[PDB]
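In the structure tokens that follow, a single protein chain appears in two forms: structure 1, then structure 2.
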Structure 1
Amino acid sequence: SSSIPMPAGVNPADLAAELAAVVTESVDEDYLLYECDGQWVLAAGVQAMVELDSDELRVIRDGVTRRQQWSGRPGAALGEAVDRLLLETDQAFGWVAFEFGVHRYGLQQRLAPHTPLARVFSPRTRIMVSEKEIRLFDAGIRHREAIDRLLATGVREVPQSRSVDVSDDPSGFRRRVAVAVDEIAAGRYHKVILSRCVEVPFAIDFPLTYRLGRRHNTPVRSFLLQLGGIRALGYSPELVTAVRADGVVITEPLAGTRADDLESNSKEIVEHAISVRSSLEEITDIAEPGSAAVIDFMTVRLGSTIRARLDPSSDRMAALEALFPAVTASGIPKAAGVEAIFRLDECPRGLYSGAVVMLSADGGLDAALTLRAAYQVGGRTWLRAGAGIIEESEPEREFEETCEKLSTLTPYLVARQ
């Protein structure tokens, strides 16, 4: 009974997202839904929570919070607490802030107290949905009846979406781009990713919007969550880090915006090349000597793969740190790109350009780059999108680029009922 066959015609993304809404319609618990290689893993309810902030580490279990200071690298403090969750559970889920990646580039002192770095939990129940089957882990009657009901009655029809005006520029994106172009021309750095928030003037239904957006996007990974004060969903265009139990580490930097026409394709090839080269240099830090290599370069599958063997003196959190923040969403050289984001972008970035993570007791790690996502933190609903700024960048063209990036979400926002 812990393996229910998936009915034909039932889309796994629709069933998994409906299950998230149904299992929590009365039991107001937190959850995280992660799509990973045809498996939609719904991690439902919080058994234990690890909260890593810039100045504090908290472990919350059975209504009891244990607080402490931490020193050293954030990956080491996070890894130690997550390994402990995983002593008695198979998997842990959560998210990692853009700010988790700053310590490596000497910018930890620039974080305000209470800056979130990571939120990772062990779930009470897991439901895995694929085209093949529905697998249940530590499920009760609530979960089983939710599955039977949805298979018997069907999923809700998705309501009509509500339009949003993304043309506004209250954070001065055009102005911020002009400053970055000047610093690039002055030789400060070669590239920086700058972004802008777009406020959504209505509360959205996250599971319904997730379902609708998922019908018109085919990402590398996707997610839907409600955790602590935060709701979020996204169609991740990049696998920033994957670590297998056997020590094989990969990173798959985004090949372009398509992953006159020659000039634009040439610009994307250059950018991608630089990202792959950066990924290779950084991965070498955690790699067994001679194991780091580009195994797939711009192949149709359009993408690239950088692989390595995890050094026995290294770990999954050091691997994540080595590659964080994603080069795709920071800049070149990385240290200068990250520092320019602290001055030229709305900070803290938090989930935006951070990662949504799935960790396994066997040492596994799957980390998706958070872009093309919607968020809600008490009363505030927003979207966020950016662009790679180079010496030749034009503020108006880059603002239009963010509009194009937003167009994968904007048509699919389902308002709360």
Structure 2
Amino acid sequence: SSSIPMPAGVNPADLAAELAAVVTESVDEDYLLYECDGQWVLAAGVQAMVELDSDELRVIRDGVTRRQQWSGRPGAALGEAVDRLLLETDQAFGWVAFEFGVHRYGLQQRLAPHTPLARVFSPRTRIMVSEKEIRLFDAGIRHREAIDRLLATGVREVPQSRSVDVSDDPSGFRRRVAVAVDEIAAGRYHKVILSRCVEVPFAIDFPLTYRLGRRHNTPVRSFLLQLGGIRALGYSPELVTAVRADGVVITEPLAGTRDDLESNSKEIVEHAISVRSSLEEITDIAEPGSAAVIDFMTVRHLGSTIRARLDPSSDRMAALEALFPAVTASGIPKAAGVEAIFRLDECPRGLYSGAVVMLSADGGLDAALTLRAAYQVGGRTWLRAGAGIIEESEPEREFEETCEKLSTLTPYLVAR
């Protein structure tokens, strides 16, 4: 490591995002910026890439692709490969698709071939930005020069945003909600989350947009990425899993949102069910006795925090797998909710309702639930937002709730 104190009057998110823009202009490299506990970590460059797909795992280093057959749990396959990366570097970063959480409910055979489950990479360089300092790991000369240039000029002003209409319902979200409700009435499941996609008809600047949104959102984690043809940014509302080096496993389910919240029976029940659900799953991977709800049904939303100690027969990937996908983005019971999503949502979800991850050689894992994000693939730019569906839900109300959820990003999109 090296370091260079943070200039006063400069916000770490803005600076980290600018650095992402700057390094991109000069070196034209892939990156992932992850915000975690006051540290904005820019993982710059891909030294080695792990691609996990439904049919194959690939490790790509220096343009050389090494393909792998895998069977069993996706977590084991991802885990084995990632552990290898972590022999050479301290951290690895990436995203996990929603579809990583399909084998667990037996739904894998429904995936098309070459369906992406995770992309995890070890970076060439790491730059960490906190209010206190800027830390450099394995920064070469262009990277050093790039930081210097940024520090020398300081951040660009964010241009004004360009609006998008989210009123159109091309995917029949209203119709699909109606269908889900009938099934719920019919006892197929209690809850399911469904979503819609709102195309953005103009290109956006991802780093400038991420900065604008960040000012106006307060998330558990945030991310900006340019990774393998995918561009994305997001302020994750929820922590799916964290594993500490000492083996403490944390998960933080949230079933609150829109006093009345703390007393509302519907919200209370919905929450209690997730907490109980998280506990059971965490129980699968936990040292016997260790699992506890340390904060319960506290309003933050309504959130609880569940703790456990990872069992020695178990590992970080298995813990993520056990907790995947999050209830908040699937439904109850989880197997039925997931199956319903396959039928009733536009798949494959990919990054939506998945996780963005940071892993460490010390056994660390940090996984954040991906909602409130924007994406660019191909020439396609879009947003995705969803709602929880229960027997009582009405489609028009649900449509507006997605609208509300999309207003986290809609006012803040900078073009280019």
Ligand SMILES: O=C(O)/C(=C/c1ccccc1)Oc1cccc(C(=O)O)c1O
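Whichever C-alpha set is largest while still superposing within 1.5 Å between the two forms counts as the rigid core. Start at 1 and count along the sequence of structure 1; that gives the residue numbers used here.
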Which block is the form deposited with this ligand bound? Structure 1
Shifted position (C-alpha, 2 Å or more, core held fixed) between structures 1 and 2, chosen from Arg84, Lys267, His114, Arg174 | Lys267
Where the core is superposed, what shift in Å does the CA of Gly140 undergo between structures 1 and 2?
-> 2.0
May I ask for the C-alpha shift of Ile60 between structures 1 and 2, in Å, based on superposition of the rigid core?
-> 0.3
